[PDB]
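Engineer: Just passing along the structure, written as structure tokens.
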Amino acid sequence: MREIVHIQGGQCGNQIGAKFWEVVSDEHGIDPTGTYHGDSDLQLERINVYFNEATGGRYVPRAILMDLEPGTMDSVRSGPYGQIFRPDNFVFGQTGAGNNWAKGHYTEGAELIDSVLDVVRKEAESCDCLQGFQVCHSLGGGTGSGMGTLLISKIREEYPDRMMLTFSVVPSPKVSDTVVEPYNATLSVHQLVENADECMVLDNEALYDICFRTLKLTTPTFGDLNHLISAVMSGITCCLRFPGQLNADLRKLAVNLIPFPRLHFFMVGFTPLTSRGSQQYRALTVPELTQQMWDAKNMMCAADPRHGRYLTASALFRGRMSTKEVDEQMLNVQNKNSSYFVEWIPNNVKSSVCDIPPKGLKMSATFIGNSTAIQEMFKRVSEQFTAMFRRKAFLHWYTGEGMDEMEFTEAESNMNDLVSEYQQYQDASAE
Amino acid sequence: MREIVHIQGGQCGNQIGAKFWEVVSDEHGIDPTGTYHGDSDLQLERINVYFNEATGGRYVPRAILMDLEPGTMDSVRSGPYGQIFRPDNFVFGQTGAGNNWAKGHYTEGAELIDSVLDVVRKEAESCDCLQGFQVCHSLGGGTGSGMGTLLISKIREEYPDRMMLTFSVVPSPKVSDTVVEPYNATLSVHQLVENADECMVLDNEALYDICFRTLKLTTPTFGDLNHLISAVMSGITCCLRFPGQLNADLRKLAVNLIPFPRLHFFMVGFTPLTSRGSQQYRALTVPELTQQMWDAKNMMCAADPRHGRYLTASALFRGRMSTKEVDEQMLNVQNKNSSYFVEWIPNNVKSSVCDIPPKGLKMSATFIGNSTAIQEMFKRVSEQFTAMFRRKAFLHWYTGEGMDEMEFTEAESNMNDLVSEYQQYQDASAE
Amino acid sequence: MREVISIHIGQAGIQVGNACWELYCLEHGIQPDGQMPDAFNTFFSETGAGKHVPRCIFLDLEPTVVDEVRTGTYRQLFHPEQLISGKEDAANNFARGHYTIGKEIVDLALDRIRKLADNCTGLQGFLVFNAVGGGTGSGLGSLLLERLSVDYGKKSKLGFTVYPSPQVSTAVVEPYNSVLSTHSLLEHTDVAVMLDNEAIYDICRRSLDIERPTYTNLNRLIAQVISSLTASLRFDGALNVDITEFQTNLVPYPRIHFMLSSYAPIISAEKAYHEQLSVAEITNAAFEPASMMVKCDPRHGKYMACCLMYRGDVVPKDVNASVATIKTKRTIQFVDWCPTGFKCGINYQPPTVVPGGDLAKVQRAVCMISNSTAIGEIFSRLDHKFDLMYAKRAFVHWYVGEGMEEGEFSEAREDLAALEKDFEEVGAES
Amino acid sequence: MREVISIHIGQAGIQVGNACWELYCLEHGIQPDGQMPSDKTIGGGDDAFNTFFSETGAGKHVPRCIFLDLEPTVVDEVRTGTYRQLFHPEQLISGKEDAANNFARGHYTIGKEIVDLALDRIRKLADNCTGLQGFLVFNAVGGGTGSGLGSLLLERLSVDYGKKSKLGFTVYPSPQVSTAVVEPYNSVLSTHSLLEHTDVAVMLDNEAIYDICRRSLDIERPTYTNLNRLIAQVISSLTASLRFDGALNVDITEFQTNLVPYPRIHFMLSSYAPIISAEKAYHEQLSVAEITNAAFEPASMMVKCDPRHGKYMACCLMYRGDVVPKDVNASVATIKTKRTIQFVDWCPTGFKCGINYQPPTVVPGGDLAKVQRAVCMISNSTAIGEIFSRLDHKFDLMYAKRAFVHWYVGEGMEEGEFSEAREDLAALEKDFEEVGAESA
Amino acid sequence: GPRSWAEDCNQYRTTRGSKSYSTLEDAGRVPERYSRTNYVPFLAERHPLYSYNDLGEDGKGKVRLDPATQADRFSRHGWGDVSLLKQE
Ligand SMILES: Nc1nc2c(ncn2[C@@H]2O[C@H](COP(=O)(O)OP(=O)(O)OP(=O)(O)O)[C@@H](O)[C@H]2O)c(=O)[nH]1
Ligand SMILES: Nc1nc2c(ncn2[C@@H]2O[C@H](COP(=O)(O)OP(=O)(O)OP(=O)(O)O)[C@@H](O)[C@H]2O)c(=O)[nH]1
Ligand SMILES: Nc1nc2c(ncn2[C@@H]2O[C@H](COP(=O)(O)OP(=O)(O)O)[C@@H](O)[C@H]2O)c(=O)[nH]1
Ligand SMILES: Nc1nc2c(ncn2[C@@H]2O[C@H](COP(=O)(O)OP(=O)(O)O)[C@@H](O)[C@H]2O)c(=O)[nH]1
Ligand SMILES: [Mg+2]
Ligand SMILES: [Mg+2]
């Protein structure tokens, strides 16, 4: 009975959440109408973690979809598995920030942040025993990045003893959607360090590289990318919703992973990704999942984890599995390359086993990793941030809605602090 | 066997009460002709409180209809559920007040008030045991505000041991329906503070916001507004007409909602309101009704309940519900909001349970609120009165009917005395 | 029963009534012969078997315009003995229509007023139709309204007076007759609504895109306002008003009883389809100075009180949201002593269009009657023109010859100046 | 709700807009009488028409447009065309006499009378619209009306409607072909008004569209009617994100915040990638990677400037049709690597990608053939400074001898504010050089 | 082309002039739109189905969805199926 509040913000956040609630639905076996039609009794045992009871057996999600433009919300409402949401939970604005952090956080934020806390407070008070908040958004944008950093800021002041899972996508080196991606991410990262509790860094071309080499998809649309995002997010909550041999809540993963309060940027991956032409050749064994687990190619972050050391890693196995080959292989991967693991945190790898697998898969795993190799991303975003700020290009808006350049000078102050934090943590050694 | 005499005055009183008898006749199961056609024994058990037995099983409403212009009477008679009323109760003038308080109370009223009390005394003598008089009218007009408030003086003189339930529609802040709203409202309130035992303050501006924000009605008529007003009136007399686990009649409410004799103005709100877009997603339960009845948007008065402390409150729950959930939810709203409630009265909330929910809903609640925040609407009308009174404008139409200017000063002094007592009890604290 | 009596004095009075009673017949389905193929009781009286007779009299000294009604398409509609004529007109002389030729013809006028009042059960008020510029309209109208005050008290009399403009003048002695009629209409009439000729000309050429409007085109849309403000008695509605509603909601002071008019959705047939006539669209257009029936600048003055007669498919919600935007608009100024300045009434019948008329069929309509301090500019314009012409005593020997005293010209000017002083003191803030 | 007000000032604006409104009725299904026929195709009461049209009464749609020109001969052309019933008659604002290729006439003497009526219908359309997002101005700065009356309306709109974007599409004089002699005078003085008032300004030129129509549509004789047809496709694909839903919707304020690094440098080029005839379409294999290379060709821009001299500062690529997101990122990767185009050093991420889903339309009888995909490139560069530089040289040559000045001087204009626009334009020449200069 | 001056001036409008612009009747078909939604728009008070339950039963006769293009939109967005990782 540890429920999780879900909030979707931005174009990327709402599109991910639209696919996310499809993956939660068929795991618990509910139809697009809302009534239950699964064939397992264990699905209905824990539905308050993500859904709310309604009249006539209707199951309404704990989702608070919110955006400053109503265009993306129209697509999610009209789509399949989209009529399940409560229309009261679709808090929205009309003017739209339009890829501006200052508009999404200061001007257009003020008229909406009073309304979105009222919807969350109504939902959070109704449910009994809160565990955390699951927010999904982008960082390069302005509609969900600057607004999402505002909503996390107010929800920490209101519920300071509860978790926040922030599944956020980041700017990319290879291909960039918007010109103002370095400006919007640097301001957003400054608010995610002080406020958020766990941060799951996702990256677009890592999703594209997985869809090309592993899944062998010729034309990977955004739905193929968003199904990979929801593969992790279903696996994080798998112990709350389904019984298992090693039960691990959000707070279990939180206290096991972060040794210090600021170093809470993670990187995730889903293990059994095989192309349709290679299903019969592959054997679904425990060492096969682990070999794909620690591969850098399977990692959904742009940062190469060979360049850095894992401070702490988490694995969430699901399915009918033996605890022998689970933890022995975690011992085996630590002994194979001990140089890639932090020495002063002994026994880095933490594992949990859940009895009920995801739908269709015999067994699966979700791999959270708190590695210091993520500094290559924060250095890279700070590199493009200092490239434009010296010439003061694309700046006359942010200083127009009242966010001074002192907020920029403080931006790379903490942006370069946390990339200096991760570097010296890797260099330090015991004794 | 505790009959209520219903009086409707003026254009606003006739139109609202026409929809009041729309609900009650449908609730008690009588047809447009008047013959009983209910499907339950419980409807016949207390049909006498609003209806008199006549020839052929037709039940005529115990309603006296009075105004000065036959156009509103033609609308009531020719409309649906208009053939049940007794034509002997169709007392009306010919000249018309023209929204004048002096013509409704001194010149024209003198030759028809003797007519309206003849039928009222006939209706009072016929029923065995009176329980009160229920009047519905406005305060900005002169046909129903002027003539109706006259009868409150005389019906209190003839029957001093019986109660007055005044559903008065007060003027709006943003819009004025009549140019002489503060003249007529301040004069009628002075006639209501002494004669009326309790008052039920209604207004249209809160009904506009309820239909838009909650019921999602973009184009509501008066029939939509009067339906919500009629839902309150059926809720007040719920324990009179039906058995319950804890009965509470009109004397039960007045002894709990009136701490001091001049503090008898209440604000109302009908709880389970939602649109069909959220009907399926809504989970109607006693916790869900509790968070809806205590919201400021659900209230049917212009006064914001957050600005002033609640002196006393009454809740009239209808439906098969647990009495524990009745008391603990009223307990939990007291402890979660302690600054919003008056400290020197412990247990501010009156709770009553009726076993018969209205037709179509399995659970309902009618909330009565005695709060010091209702001085805000009184202060605005008094401020509008002093702006018009200082230039002596729109006054020669009033003093030309035999009224002196000192009645305006005493009405204004009683208006200022009313808002002084509300402010003092809010500021005063025990010990 | 709601019953109203209308009187039409002069050439302008009965020509407006020709368009007025043409519109009233179509509202209740009355055919021109008087046969209907309970709401009709306000303007028509049932006589005999299936015949409806209008409750009005067409009185005029000039016989050349009364007999046009007696020989027109409405021969069987009006009672011919209700239509009162005379041998010769007043010839634009106020003294003729008040003393010499107006004295014998007003005795027959009060005879049929008593006959009409006894036939009707409950009388609501009086509707006078006259032009203060002409000799017959000002002269006989002053005498008729003077006798109606003493004979019929406590019944409010609506005043629809065709009022002169300095820009467009049809006669030379218009300033004399308008000034002399001002004393009569100040103390006798309860509610006076001004109407100006050239403003109706400008509404036709701007909204109805007619390059050459005629007097027939003016009187049709003048009758649209009159039928709209009386429509609350005839038909059911959401917020019904009466004749006695207007007299106290729009008159703050016993000498301040002058109000303007505005009909908002005046759109031709071709332009009606493209335009979306929302409630907020016409309410914004109603308060536009272009829509006023008198040439006024309401931004010069302040609105003392406003009445809004809404017809058609109008709910209480959008009439509130329309006037909420009106109060927030800066260019619409209300006077400081009246915070509650709006009166709104909603009817349930869309306006009927005359066959061959310029107006298009519209779903909703707004007729607005408002009391403003800007009406003093209209009265002050002919005040100066009268002063220049009276100073050289031109065009006076026609008046003093017909029994008029010379000393009453200054008495009318002082009463006109007393009207000006009352406007500038009510407009002054305190 | 998303909606824009499209205004057309001058002879070039009306003809481009009449081709623009020709294309918009075909996409949304609006017949020339203004009524959408439901029986033509499957489809319900969507809000895609609400961007440019307003449903009035029942089953009637009017454009959110105004047509104004002092010359009566181009506005009565629409009044007797295929779209007489489409427009309400008031927003076809006419006049007595034209501006006669005199900027002083449009700004000062004649255009002052007509601009009061122009702001009234702009005010009425603003009350009809729920949430306004932009103004679309179609004017030509070479003529008297587009430069003169365009300057007055743009100044008044910025006062009445602050901070709302105005996307003004302007046609400049070509270095080679010109249809008037006082074009350098009108274009320079309009640059002052276009600078501090237009939020995002898109350049056009007759000769470059003449060159595109000559080679890409292999027809030797391009008329003005055919030039306006493919300008309308640029306007349609720019606004296509608001009407039809797509993978990456781009708002008007998203165009603004991503393409102009500094407030004064807001002069952008325009490109359309597939511009092909029916016979050449069969031989061509249209793919996202190929059209993106075709979008950045030096001959594909609609302004006759060479981008190799300058550097592409901020680029935006509006896609339409069956464009998957996987290969546009491959298209961005290939267009970034090759050296034949050059980016500015301080903007590492310069592309704005927008993918819509609605396929491009074709009007029957036009030269364009139906294609599955399209790219509408609107990109800022430092090569626009060459366009102002040649225009500056022709104005400075005609100002030394003071030719064609007494026409302006007598019509309200004074001598002093000819050089004021010359000084302001010269400040624009220096800004393109100093912004595009490298930083050490 | 034209054979006389009268024919040229008579056919100026319907060939190269103000009536030469393409008509929807001249077009073979109206393209099938990819709209945001055929349900009620999100912020639009003046809608016939605003108070009604448009997503479900109340709007069944009046929403008028397009199955082929709606399925094409869902397939392009990747919302129709979750079969990418089903493995069986
Ligand atoms: N609105 C309107 N005004 C009219 C019409 N006919 C005349 N008028 C006005 O009336 C003025 C003339 O005054 P009247 O009182 O009608 O003239 P009269 O009734 O013939 O009076 P005598 O000439 O003395 O007989 C003209 O200046 C017009 O402005 C009409 O049909 N409609
Ligand atoms: N692309 C394109 N350009 C046009 C078209 N019509 C006119 N132009 C351009 O407009 C310029 C003429 O200036 P305009 O602003 O149209 O002249 P105007 O609007 O009539 O203003 P006045 O001449 O003063 O009345 C020419 O140099 C053309 O380049 C057209 O249909 N398409
Ligand atoms: N995985 C995924 N990413 C998306 C989707 N839509 C947008 N994005 C990413 O979101 C980033 C841009 O964020 P943006 O839309 O500007 O955020 P917003 O301003 O809050 O709406 C791009 O880098 C895209 O890669 C989607 O459907 N799926
Ligand atoms: N709820 C409701 N209120 C009404 C109705 N008619 C009038 N009112 C209100 O009554 C007040 C004015 O009353 P009025 O009509 O002048 O009373 P009258 O003197 O009898 O004519 C205004 O505040 C209106 O909002 C109605 O049908 N329903
Ligand atoms: Mg005459
Ligand atoms: Mg021209």
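So you can find residues: chains in the structure tokens are A, B, ... in the order shown, residues in each start at 1, and ligands are numbered from 1 in order.
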Please extract the residues of region 24-270 of chain C with a backbone DSSP assignment of alpha helix (DSSP H) and present them as a VMD selection string.
Structural biologist: chain C and resid 24 to 27 63 to 70 94 to 95 103 to 119 135 to 151 174 to 187 197 to 206 215 to 229 231 to 234 243 to 249
Engineer: Using only C-alpha atoms, find which residues of chain D lie within 8 Å of chain A and jot them down as a PDB file with N, CA, C and O atoms, in the first residue's frame.
Structural biologist:
ATOM      1  N   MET D   1      -6.456  27.686 -27.612  1.00  0.00           N
ATOM      2  CA  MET D   1      -6.572  27.407 -29.037  1.00  0.00           C
ATOM      3  C   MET D   1      -5.527  28.203 -29.821  1.00  0.00           C
ATOM      4  O   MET D   1      -5.171  29.316 -29.438  1.00  0.00           O
ATOM      5  N   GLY D 131      -6.921  32.564 -28.082  1.00  0.00           N
ATOM      6  CA  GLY D 131      -5.532  32.836 -27.774  1.00  0.00           C
ATOM      7  C   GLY D 131      -4.718  33.107 -29.020  1.00  0.00           C
ATOM      8  O   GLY D 131      -4.410  32.185 -29.780  1.00  0.00           O
ATOM      9  N   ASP D 245      -1.556  17.672 -36.142  1.00  0.00           N
ATOM     10  CA  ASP D 245      -0.657  17.146 -35.127  1.00  0.00           C
ATOM     11  C   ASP D 245       0.493  16.381 -35.769  1.00  0.00           C
ATOM     12  O   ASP D 245       0.358  15.796 -36.846  1.00  0.00           O
ATOM     13  N   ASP D 251       5.597  25.634 -32.091  1.00  0.00           N
ATOM     14  CA  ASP D 251       4.738  26.800 -31.996  1.00  0.00           C
ATOM     15  C   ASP D 251       5.413  28.004 -32.651  1.00  0.00           C
ATOM     16  O   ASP D 251       6.582  27.960 -33.041  1.00  0.00           O
ATOM     17  N   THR D 253       5.941  30.860 -31.048  1.00  0.00           N
ATOM     18  CA  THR D 253       6.920  31.285 -30.055  1.00  0.00           C
ATOM     19  C   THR D 253       8.118  30.345 -29.981  1.00  0.00           C
ATOM     20  O   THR D 253       9.176  30.750 -29.492  1.00  0.00           O
ATOM     21  N   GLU D 254       7.975  29.103 -30.448  1.00  0.00           N
ATOM     22  CA  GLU D 254       9.127  28.219 -30.563  1.00  0.00           C
ATOM     23  C   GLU D 254       9.991  28.573 -31.769  1.00  0.00           C
ATOM     24  O   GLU D 254      11.207  28.359 -31.733  1.00  0.00           O
ATOM     25  N   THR D 257      12.010  31.797 -30.259  1.00  0.00           N
ATOM     26  CA  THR D 257      13.026  31.627 -29.228  1.00  0.00           C
ATOM     27  C   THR D 257      14.232  30.808 -29.673  1.00  0.00           C
ATOM     28  O   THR D 257      15.195  30.701 -28.907  1.00  0.00           O
ATOM     29  N   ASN D 258      14.213  30.223 -30.870  1.00  0.00           N
ATOM     30  CA  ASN D 258      15.269  29.315 -31.288  1.00  0.00           C
ATOM     31  C   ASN D 258      16.084  29.791 -32.483  1.00  0.00           C
ATOM     32  O   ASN D 258      17.112  29.175 -32.782  1.00  0.00           O
ATOM     33  N   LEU D 259      15.675  30.858 -33.169  1.00  0.00           N
ATOM     34  CA  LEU D 259      16.328  31.237 -34.414  1.00  0.00           C
ATOM     35  C   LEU D 259      17.028  32.587 -34.400  1.00  0.00           C
ATOM     36  O   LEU D 259      17.861  32.827 -35.278  1.00  0.00           O
ATOM     37  N   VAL D 260      16.728  33.470 -33.459  1.00  0.00           N
ATOM     38  CA  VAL D 260      17.300  34.810 -33.449  1.00  0.00           C
ATOM     39  C   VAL D 260      18.156  34.979 -32.197  1.00  0.00           C
ATOM     40  O   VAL D 260      17.644  35.204 -31.103  1.00  0.00           O
ATOM     41  N   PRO D 261      19.480  34.857 -32.321  1.00  0.00           N
ATOM     42  CA  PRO D 261      20.338  34.976 -31.131  1.00  0.00           C
ATOM     43  C   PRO D 261      20.342  36.364 -30.516  1.00  0.00           C
ATOM     44  O   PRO D 261      20.532  36.491 -29.301  1.00  0.00           O
ATOM     45  N   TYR D 262      20.133  37.403 -31.312  1.00  0.00           N
ATOM     46  CA  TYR D 262      20.112  38.773 -30.832  1.00  0.00           C
ATOM     47  C   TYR D 262      18.851  39.459 -31.335  1.00  0.00           C
ATOM     48  O   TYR D 262      18.329  39.096 -32.395  1.00  0.00           O
ATOM     49  N   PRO D 263      18.316  40.427 -30.578  1.00  0.00           N
ATOM     50  CA  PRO D 263      17.001  40.993 -30.927  1.00  0.00           C
ATOM     51  C   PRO D 263      16.949  41.718 -32.261  1.00  0.00           C
ATOM     52  O   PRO D 263      15.884  41.752 -32.888  1.00  0.00           O
ATOM     53  N   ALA D 314      21.570  29.940 -36.976  1.00  0.00           N
ATOM     54  CA  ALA D 314      20.521  29.111 -36.405  1.00  0.00           C
ATOM     55  C   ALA D 314      19.615  28.640 -37.527  1.00  0.00           C
ATOM     56  O   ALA D 314      19.140  29.453 -38.326  1.00  0.00           O
ATOM     57  N   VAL D 324       9.847   9.845 -40.687  1.00  0.00           N
ATOM     58  CA  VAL D 324      10.187   9.173 -39.437  1.00  0.00           C
ATOM     59  C   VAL D 324      11.268   9.996 -38.747  1.00  0.00           C
ATOM     60  O   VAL D 324      12.018  10.714 -39.421  1.00  0.00           O
ATOM     61  N   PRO D 325      11.360   9.976 -37.414  1.00  0.00           N
ATOM     62  CA  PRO D 325      12.393  10.775 -36.742  1.00  0.00           C
ATOM     63  C   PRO D 325      13.789  10.184 -36.809  1.00  0.00           C
ATOM     64  O   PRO D 325      14.745  10.867 -36.419  1.00  0.00           O
ATOM     65  N   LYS D 326      13.946   8.945 -37.278  1.00  0.00           N
ATOM     66  CA  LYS D 326      15.259   8.309 -37.223  1.00  0.00           C
ATOM     67  C   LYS D 326      16.194   8.848 -38.299  1.00  0.00           C
ATOM     68  O   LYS D 326      17.403   8.969 -38.069  1.00  0.00           O
ATOM     69  N   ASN D 329      17.418  12.795 -38.058  1.00  0.00           N
ATOM     70  CA  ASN D 329      18.634  12.873 -37.260  1.00  0.00           C
ATOM     71  C   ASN D 329      19.841  12.396 -38.052  1.00  0.00           C
ATOM     72  O   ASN D 329      20.944  12.928 -37.882  1.00  0.00           O
ATOM     73  N   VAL D 332      20.438  15.359 -40.211  1.00  0.00           N
ATOM     74  CA  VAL D 332      21.143  16.402 -39.472  1.00  0.00           C
ATOM     75  C   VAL D 332      22.619  16.044 -39.322  1.00  0.00           C
ATOM     76  O   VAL D 332      23.496  16.914 -39.409  1.00  0.00           O
ATOM     77  N   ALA D 333      22.918  14.758 -39.124  1.00  0.00           N
ATOM     78  CA  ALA D 333      24.306  14.327 -38.984  1.00  0.00           C
ATOM     79  C   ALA D 333      25.096  14.536 -40.271  1.00  0.00           C
ATOM     80  O   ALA D 333      26.244  14.992 -40.230  1.00  0.00           O
ATOM     81  N   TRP D 346      30.023  29.744 -32.091  1.00  0.00           N
ATOM     82  CA  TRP D 346      29.485  29.787 -30.738  1.00  0.00           C
ATOM     83  C   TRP D 346      28.148  29.076 -30.588  1.00  0.00           C
ATOM     84  O   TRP D 346      27.565  29.123 -29.503  1.00  0.00           O
ATOM     85  N   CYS D 347      27.644  28.427 -31.636  1.00  0.00           N
ATOM     86  CA  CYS D 347      26.360  27.730 -31.588  1.00  0.00           C
ATOM     87  C   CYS D 347      26.602  26.270 -31.944  1.00  0.00           C
ATOM     88  O   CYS D 347      26.500  25.884 -33.120  1.00  0.00           O
ATOM     89  N   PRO D 348      26.946  25.426 -30.965  1.00  0.00           N
ATOM     90  CA  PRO D 348      27.215  24.015 -31.279  1.00  0.00           C
ATOM     91  C   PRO D 348      25.977  23.245 -31.696  1.00  0.00           C
ATOM     92  O   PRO D 348      26.080  22.334 -32.527  1.00  0.00           O
ATOM     93  N   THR D 349      24.816  23.577 -31.148  1.00  0.00           N
ATOM     94  CA  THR D 349      23.551  22.954 -31.518  1.00  0.00           C
ATOM     95  C   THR D 349      22.714  24.013 -32.219  1.00  0.00           C
ATOM     96  O   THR D 349      22.165  24.905 -31.567  1.00  0.00           O
ATOM     97  N   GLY D 350      22.614  23.917 -33.541  1.00  0.00           N
ATOM     98  CA  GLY D 350      22.002  24.984 -34.305  1.00  0.00           C
ATOM     99  C   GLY D 350      20.686  24.652 -34.975  1.00  0.00           C
ATOM    100  O   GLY D 350      19.983  25.555 -35.438  1.00  0.00           O
ATOM    101  N   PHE D 351      20.334  23.373 -35.039  1.00  0.00           N
ATOM    102  CA  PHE D 351      19.145  22.951 -35.762  1.00  0.00           C
ATOM    103  C   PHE D 351      17.920  22.896 -34.863  1.00  0.00           C
ATOM    104  O   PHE D 351      17.991  22.448 -33.716  1.00  0.00           O
ATOM    105  N   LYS D 352      16.799  23.366 -35.398  1.00  0.00           N
ATOM    106  CA  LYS D 352      15.485  23.161 -34.805  1.00  0.00           C
ATOM    107  C   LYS D 352      14.696  22.231 -35.715  1.00  0.00           C
ATOM    108  O   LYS D 352      14.384  22.590 -36.854  1.00  0.00           O
ATOM    109  N   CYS D 353      14.375  21.045 -35.213  1.00  0.00           N
ATOM    110  CA  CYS D 353      13.716  20.015 -36.003  1.00  0.00           C
ATOM    111  C   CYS D 353      12.230  20.000 -35.680  1.00  0.00           C
ATOM    112  O   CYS D 353      11.846  19.977 -34.506  1.00  0.00           O
TER     113      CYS D 353
END
Engineer: Within 8 Å of chain D, which residues of chain C show up? Give each one with its shortest atom-to-atom distance in Å (one decimal) and the two atoms involved, counting only C-alpha atoms, rows by chain then rising residue number, as a Markdown table.
Structural biologist:
| residue | atom | partner | partner_atom | distance |
| --- | --- | --- | --- | --- |
| C:271 | CA | D:88 | CA | 6.8 |
| C:273 | CA | D:57 | CA | 6.8 |
| C:274 | CA | D:88 | CA | 5.6 |
| C:275 | CA | D:56 | CA | 6.6 |
| C:276 | CA | D:56 | CA | 5.0 |
Engineer: Let me see the file: selected residues, N, CA, C and O atoms, as a tab-separated table (two decimals), in the first residue's frame.
Structural biologist:
chain	number	residue	atom	x	y	z
C	271	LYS	N	-24.23	40.70	-45.07
C	271	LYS	CA	-23.19	40.66	-44.05
C	271	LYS	C	-23.54	39.79	-42.85
C	271	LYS	O	-22.68	39.57	-41.99
C	273	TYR	N	-24.31	36.55	-42.62
C	273	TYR	CA	-23.82	35.18	-42.59
C	273	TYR	C	-22.38	35.10	-42.12
C	273	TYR	O	-22.01	34.19	-41.37
C	274	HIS	N	-21.54	36.04	-42.57
C	274	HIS	CA	-20.14	36.03	-42.16
C	274	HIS	C	-19.98	36.39	-40.69
C	274	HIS	O	-19.13	35.83	-40.00
C	275	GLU	N	-20.78	37.34	-40.21
C	275	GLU	CA	-20.64	37.81	-38.84
C	275	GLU	C	-21.15	36.77	-37.85
C	275	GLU	O	-22.20	36.15	-38.06
C	276	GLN	N	-20.40	36.58	-36.77
C	276	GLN	CA	-20.80	35.72	-35.66
C	276	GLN	C	-21.33	36.62	-34.56
C	276	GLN	O	-20.56	37.25	-33.83
Engineer: Apply DSSP to the structure's backbone, then extract all residues of region 154-362 of chain D labelled strand (DSSP E) and return them as a PyMOL selection string.
Structural biologist: chain D and resi 166-172+200-205+267-268+271-272+312-321+351-355
Engineer: Check every residue of chain A for an atom within 9 Å of chain B, counting only C-alpha atoms, and provide those that qualify as a list in words.
Structural biologist: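 Taken together, these residues fit the definition: residues 52, 53, 54, 55, 56, 58, 59, 60, 84, 85, 86, 87, 88, 122 and 126 of chain A.
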Engineer: Residues within 12 Å of ligand 5, counting only C-alpha atoms and all ligand atoms: report them as a ChimeraX atom specification.
Structural biologist: /C:9-15,59-66,85-94,96-97,130-131,133-140
Engineer: Once you count only C-alpha atoms, which residues of chain B turn out to be within 8 Å of chain E? Could you give them as number ranges by chain?
Structural biologist: B: 215-218, 275-277
Engineer: Here is a test: counting only C-alpha atoms, which residue of D:198, D:193, D:223, D:94 is nearest to chain E?
Structural biologist: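 So, comparing all the options, the nearest one is D:223.
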Engineer: Write out as a PyMOL selection string each polymer residue (protein, DNA or RNA) that has an atom no more than 8 Å from ligand 6, with only C-alpha atoms and all ligand atoms counted.
Structural biologist: chain D and resi 10-11+69-74+98-101+143-145
Engineer: Name all residues at most 6 Å from residue 432 (chain D) (count only C-alpha atoms; drop same-chain ones fewer than 3 positions away) and give them as a PyMOL selection string.
Structural biologist: chain D and resi 382+385+429+435
Engineer: What does the list of residues within 9 Å of ligand 2 look like if you count only C-alpha atoms and all ligand atoms, written as a ChimeraX atom specification?
Structural biologist: /D:9-16,19,69-71,74,97-103,105-106,139-149,171-174,177-180,183,204-207,209-210,223-229,231
Engineer: Just need the residues of chain E within 10 Å of chain D, counting only C-alpha atoms, so spit them out as a ChimeraX atom specification.
Structural biologist: /E:13-14,16-44,47,62-69,72-73,76-77
